[PDB]
């Protein structure tokens, strides 16, 4: 007959006459309790797709599939097929190569509320995401410290608002502003900077912190970000794309940014005044893991 196990109220039969220890031995999952194999929701589902076990009741599959979510499941499977030892709990998916410290994966959903604070007090090493076509995406977020290699100087100039735009003299740091008939077309931020209003707003505070680091800040609107930043002198394209994370945030925004960024081969940086300081956090797609 078929040796069988159980996944919480769900009895299944091991296919092709395989010992319970075969499974345990081969997939490093589950355990024995009496003459039954005890599989957790994931493992059970996992093996079910492996064609390794059948179900007593028809509902079971669906039930367990609902129990664990598609998102969380796909993650489980991938990490599993890749080779890791997986284990979910506390609302996180832990995986290790074998005996080293595990790694926390955090399955996300476009409409989940994301916060900068979370990105800095990061309890998880990765953020996972599966799209509408079952395609997975892993991300990573770490506090960064932009290093501009540009000669910085204090710029306190006179600003004039005319025609609905702000302007300054045509000599300020060659890079600050734009050339317009001997004048210099300013951005609302650039105006506040040489105007001496660094505390105007949070985006202003970051703007200054940024320039002060040796970076050159130009508007990053053509990307949906507050600004683009060049780290070096002769920089053909801006390495960083920085955006100030507003009051409430939705993940797709984060997700979105990372895309329009990698596309233009730049890096998404999220700034915010965390604990009285202007810190930055880089978010990027992660390969290897999955």
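Numbering follows the first chain given and starts at 1.
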Item to check | Entry-level comparison of average CA B-factors, 56 to 64 and 43 to 51, reporting the higher stretch | outcome: 56 to 64
Checklist entry - Going by the B-factors listed in the PDB entry, is the mean over the C-alpha atoms higher for 65 to 73 or for 217 to 225? => result 217 to 225
Item to check | Deposited CA B-factor, highest of 151, 194, 79, 105 | outcome: 151
Checklist outcome for this item: Top Cα B-factor in this entry, restricted to 188, 131, 204, 112, sits on 112
Next on the checklist: Ranking the modelled residues of this chain by C-alpha B-factor as given in the entry, is residue 92 in the lowest, middle or highest third?
Outcome noted: middle
Item to check | For residue 167, the third of its chain into which the C-alpha B factor falls | outcome: lowest
Checklist outcome for this item: Sorting the chain's modelled residues by C-alpha B-factor and splitting them into thirds places residue 26 in the lowest
Checklist entry - Should residue 118 be placed in the lowest, middle or highest third of its chain by the C-alpha B factor in the entry? => result highest
Checklist outcome for this item: For residue 100, the third of its chain by CA B-factor is the highest
